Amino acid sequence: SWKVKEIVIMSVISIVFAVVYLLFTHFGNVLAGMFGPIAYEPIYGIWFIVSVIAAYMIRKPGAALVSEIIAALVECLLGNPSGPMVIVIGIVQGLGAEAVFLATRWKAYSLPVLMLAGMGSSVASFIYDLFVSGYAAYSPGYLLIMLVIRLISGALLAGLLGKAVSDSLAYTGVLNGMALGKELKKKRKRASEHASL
């Protein structure tokens, strides 16, 4: 059962990373223009990181989905050049990540599950692009290479990097009200019990 503070902290994270998303979107446009779509595939997973952060921190159903929606909304508001369609891909990416936490009953937050969640967004956004972003015009080889790159980027820049960011925050103390903060507390109590006089 969600707490007010969790809903609130999830929003602040979404908002902050909306700014990051927008910066990378600008990069991606320049890259696409110069070298074609494959050029932004390596950084693609950054646009999923909010889902992993919110889920790993809060560990309740809907975190991955809602956090990404809010981040996409705010990125749109801040001036994403593609307008509201970024909110659609945001919804799609959030559903892709959420599906992995659904599949593991919102009880599993090991790195492999976080990476899978990232990859879920990779797959969902790739489906979206085949409908909307002109990907259907490309060859099997090009598409296959881009999907593979996007899958790796989702695993690394959302899953792994998302865990690293979250852990770093947990170490500041600011997540002490959250599941991840509680986990750190438990681990620290365990480690403290090794002290001897």
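Don't overthink the numbering: it's just position in the shown sequence, from 1.
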property	result
Higher-scoring stretch by recorded Cα B factor average, 82-90 or 118-126	82-90
40-48 versus 138-146 - which carries the larger mean C-alpha B factor in the record	138-146
Chain-relative CA temperature factor third for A18	lowest
Ranked C-alpha temperature factor of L31 among modelled chain residues, by third	middle
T172 - Cα temperature factor, lowest/middle/highest third of chain	highest
Entry-reported Cα temperature factor of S133, expressed as the chain third it lands in	highest
